[PDB]
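# Build me a model:
(chains A, B and C)
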Amino acid sequence: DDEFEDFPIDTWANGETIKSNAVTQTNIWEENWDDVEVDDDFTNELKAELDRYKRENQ
Amino acid sequence: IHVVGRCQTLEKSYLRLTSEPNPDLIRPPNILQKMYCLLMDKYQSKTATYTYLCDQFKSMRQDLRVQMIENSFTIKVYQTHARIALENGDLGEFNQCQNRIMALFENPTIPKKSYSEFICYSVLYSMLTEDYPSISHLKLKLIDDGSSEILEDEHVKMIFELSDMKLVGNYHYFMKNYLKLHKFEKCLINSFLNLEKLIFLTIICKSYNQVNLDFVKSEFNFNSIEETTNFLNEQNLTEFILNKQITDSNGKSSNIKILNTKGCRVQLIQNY
Amino acid sequence: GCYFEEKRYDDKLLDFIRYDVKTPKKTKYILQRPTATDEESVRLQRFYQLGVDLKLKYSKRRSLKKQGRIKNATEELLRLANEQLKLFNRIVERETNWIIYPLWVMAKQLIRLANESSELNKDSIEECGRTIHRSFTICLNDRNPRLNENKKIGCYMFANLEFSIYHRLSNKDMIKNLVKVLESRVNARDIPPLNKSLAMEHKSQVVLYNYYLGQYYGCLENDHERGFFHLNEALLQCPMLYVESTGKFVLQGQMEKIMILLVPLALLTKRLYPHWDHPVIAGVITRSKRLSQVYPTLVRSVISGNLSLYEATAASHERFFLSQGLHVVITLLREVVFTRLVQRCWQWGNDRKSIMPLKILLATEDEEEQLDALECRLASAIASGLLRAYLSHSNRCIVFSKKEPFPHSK
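Numbering: from 1, shown residues only, chains lettered A, B, ... in the order given. I have put the structure below:
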């Protein structure tokens, strides 16, 4: 439908790419997949309903 | 101007048309309609070969294509051959018909009789061809067409859900939803059900170390335990059906048939 | 006409080649030294007349003056451009590689020439596709081992033109051919890699080629690991340059529709998720209405094992995911979410004990049926490599490996 094939600028230098600036910039991809705990309503109540299970199954 | 035909003999055999059409051998719709009934008689009473019916239907289909008849009678012929083709394993002529049916449904003058039935066949065939874009492009079409009455039909939902269940290897509900399928839907699934059973069997055998033979039998909808073991014998797994005696509470005992699925692992990874 | 004599090209030539953009009052539009009877010299001279005519048409093209239909006049422009580009192909077939980017600018605007037309019953795209196929071919097979005139360094630029045409109307067979042929060619070293191709001179086509590949791999052939790769590389070669006028990335649109596929492909294959504060993710996610909430919520439900939130996020944007070719990815990524919940009942509900009762997961033949369904969903994950464990139907438990119980590629 809409043309995304027509780029606003046709070329640029390599030094101006994220890959080449990637020693200036840190990793865009966070890699703590095994160890990240997040706290939100769901996680908090998930521990709640599981702490209940450990108490009844002692 | 569309070619018009005046052949009055009801029968006609298929030939790929090389000539410019001969009106004397092309039958008008009223004659194509009188032969539809005779064919239907034969099919219903099972007094004809599927080879014979299929030839008569392709000639009926060919006479409509040269005469540019795209009406409710046309949809009827293609839907009827599609259905009969699935009943006899002729997936090639089914697919010829299925494509034409969907293209004829693009015509607003042609009423959408059994649209949802053939929407289902389209999903089931794309499951067989491992063509998931088609399934998604068709779901998207129904949404953008405003076809919510079709999309919330419980049977249509199940058929789309079945394509997803195969995608993530849910043998438990896929086999449980095999019993909910209509007559020709079962015929279509049967074209790839053996391989799907083998794909499900590998998943079980990679995940357990042993299971009851009855548990395998229940999950795969085998009507009896003899066709359960024939299915394992078809995979060179008969020797992994062992027998272990059981005494759960030291008060009574019996012997059950086990399948060493850990032993099956070495065999089943050779074939894929 | 010294460009063709002494095998160089300037912006004036590119501006002469640019028929869509009108030229200023002073014009130097002329060929030079015309007393030639060689057949191949009249190929150039016919090309010159085709070019002047093409340029003129646009002045009268805007001046329809409410005449009515111009489809015929549009068709005039199209065979004007097509027998012109089929003639440039006759010229470029046996010339040096100086003349390939002029072939490509011509080709790319003939795509936008058929792009404006909105009716595919009378589509003249076939002429273009064939013409460009030859153009891709004329470069694709260069029988000169010396690299002064080799046109196989433009091979990838021309593939993006065909990708663009093959995507116009859904054809997943045709895209599939182009990916698979090209793969073989550089593995036999018949053409040079993209990082040492003519695409480095015009890096717009660098990003685009990695997009077309990664999109094909992720959305059409369901090879997610490679789909992630090329899409990620397409984003890693995007320029860190902003428009002065708004301060947003110059390629904001290109970056975002890469991101639509990249983010869920990144979670499925490698379990990577974005740094939201990071300039590149933040510059794109936060400024796009479509991705501003969906994708933070989508990443969150996967990391947390929130099955309902994932299913709601997938139910609410199903049209969006369907139109982006993401259905399998979403459907497979949901089982990662189910695996993370399983991991969370391990960490917090069984004390990292490798033997876990299945009734733990029920707290989140009614019960017998729920457990049968639960074994099967765990069995499929075990068999796919999201869990290294084995099941026991008898004790209705799962037995995690003592090592690497929840593996994932890295």
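# Would you confirm that residue C:408 contacts residue C:267?
No: checked against Cβ atoms under 8 Å, the pair residue C:408 and residue C:267 is beyond contact range at 10.2 Å. The C-beta positions use only the backbone N, C-alpha and C, and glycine is treated the same way.
# So which of the two has more stuff around it?
residue C:267 (23 against 16; other Cβ atoms under 10 Å in any protein chain shown).
# which SS state does that one fall under?
helix (DSSP: H, G, I helix; E, B strand; the rest coil).
# ok, residue 37 - how many residues close by?
Since you didn't name a chain, this refers to chain A. Neighbours of residue A:37 (other Cβ under 10 Å): 12.
# You answered for a different chain; I wanted chain B.
Neighbours of residue B:37 under the rule other Cβ under 10 Å: 10.
# Can you classify it by secondary structure?
helix.
# ok, residue A:9 to residue C:241 distance?
Counting by Cβ to Cβ, to the nearest Å, the gap from residue A:9 to residue C:241 is 7 Å.
# Now do the shared contacts for these two.
residue C:250 (Cβ atoms under 8 Å, 6 or more residues apart in numbering or on different chains).
# Quick check: residue C:298 touching residue C:268?
No: between residue C:298 and residue C:268 there is no contact under Cβ under 8 Å: 11.5 Å.
# For residue 34, what are phi and psi?
Chain wasn't specified; assuming chain A. Main-chain dihedrals, residue A:34, degrees, to the nearest 10: phi -80, psi -30.
# And for it, the neighbour number?
By the criterion of other Cβ under 10 Å, residue A:34 has 9 neighbours.
# got the contact list for the residue nearest to it when sequence neighbours are not counted?
Excluding the flanking residues, the one nearest residue A:34 by Cβ to Cβ, 6 or more residues apart in numbering or on different chains is residue C:406, at 7.5 Å. Contact analysis of residue C:406 by Cβ under 8 Å, 6+ apart lists A:34, C:339, C:343, C:346, C:386-388.
# Is residue C:406 part of a helix or strand, or is it coil?
Quick answer, by three-state DSSP: residue C:406 is coil.
# dump the residue contacts of the closest residue to residue C:410 other than its chain neighbours.
Excluding the flanking residues, the one nearest residue C:410 by Cβ to Cβ, 6+ apart is residue C:270, at 6.5 Å. Residues near residue C:270 by Cβ under 8 Å, 6+ apart: C:228, C:408-410.
# ChimeraX command for the buried members of those?
With 16 or more other Cβ atoms under 10 Å in any protein chain shown as the burial test, the buried ones among the contacts of residue C:270 are selected in ChimeraX as follows:
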select /C:228,408
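# can you tell me which of the contacts of residue C:270 lies nearest to residue B:245?
Nearest to residue B:245 among the contacts of residue C:270 is residue C:408, at 41.8 Å by Cβ to Cβ.
# And that closest one, its phi and psi?
phi -160, psi 140.
# Over to residue B:254?
Backbone dihedrals for residue B:254, given as degrees, to the nearest 10, come out at phi -170, psi 170.
# Measure how buried the closest residue to it other than its chain neighbours is and give me the count.
Excluding the flanking residues, the one nearest residue B:254 by Cβ to Cβ, 6+ apart is residue B:246, at 6.0 Å. By other Cβ under 10 Å, 11 other residues sit near residue B:246.
# just residue C:337 next, same as before
23.
# Touching, residue B:172 and residue B:219? I think so.
Yes: look at residue B:172 against residue B:219 with Cβ under 8 Å: they come within range, at 6.2 Å.
# Mind listing the shared neighbours of these two?
C:372, C:376.
# Write out the residues of the stretch 301-410 of chain C neighbouring chain B.
C:319, C:322-323, C:325, C:327-328, C:331-332, C:334-335, C:372-373, C:375-380, C:382-384, C:390-393 (Cβ under 8 Å from any Cβ of the partner chain).
# For the closest residue to residue C:232 other than its chain neighbours, which residues are in contact?
Excluding the flanking residues, the one nearest residue C:232 by Cβ to Cβ, 6+ apart is residue C:262, at 6.1 Å. Counting by Cβ under 8 Å, 6+ apart, residue C:262 makes contact with C:214, C:228, C:231-232, C:235.
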